[PDB]
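As a starting point, one isolated chain is supplied in structure tokens, in the form deposited in one PDB entry.
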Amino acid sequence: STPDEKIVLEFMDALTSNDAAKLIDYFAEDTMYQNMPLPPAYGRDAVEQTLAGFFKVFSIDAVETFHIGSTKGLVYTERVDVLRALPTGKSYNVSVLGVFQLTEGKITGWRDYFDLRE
């Protein structure tokens, strides 16, 4: 792996702890998250606040990563998240591509393309 692909894979491992505070340590201050095509969450404060809000209605019970790659500086990775809506207990398998930008071993950009088919 690249040092950047390694970082991304630890972050992917980390997701299942559903810990926004644990997760935001991977992100630089100058950073953003965009759950496509939704408008981005800008800055570290917002990404955290985004993870937190996500962790109050869902648990990530599992992440199965089945691809990791890189081109032109960006790490590309593909996974299936096993999502469990906490107010129901129902579980959902959904695919998602994660596109990461890193500057000096910290996340400066993160775009998710969840599978959005009916």
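Start at 1 with the first residue shown and count on from there.
Here 65-73 and 46-54 are compared by their mean Cα B-factor, and 65-73 comes out higher. In this crystal structure, the stretch out of 18-26 and 91-99 whose C-alpha atoms carry the higher mean B factor is 18-26.
When the modelled residues of the chain are ordered by C-alpha B-factor, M36 sits in the lowest third.
Just so it is clear, the following notes concern the form deposited with a small molecule bound, a form of the same protein that is not shown.
The small molecule is not shown here, and in the entry with it bound it never comes within 4.5 Å of any heavy atom of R44. Although the partner is absent here, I60 is a contact residue: one of its heavy atoms lies within 4.5 angstroms of the small molecule in the entry with it bound. The closest heavy atom approach of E5 to the small molecule in the entry with it bound falls outside 4.5 Å. Contact check for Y33: a non-hydrogen atom falls within 4.5 Å of the small molecule in the entry with it bound.
Although the small molecule is omitted here, in the entry with it bound all of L15, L83 and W110 have a heavy atom within 4.5 Å of it. Partner contact region in the entry with it bound: 51-59, out of 36-44, 51-59, 85-93, 67-75, criterion any non-hydrogen atom within 4.5 Å of the small molecule.
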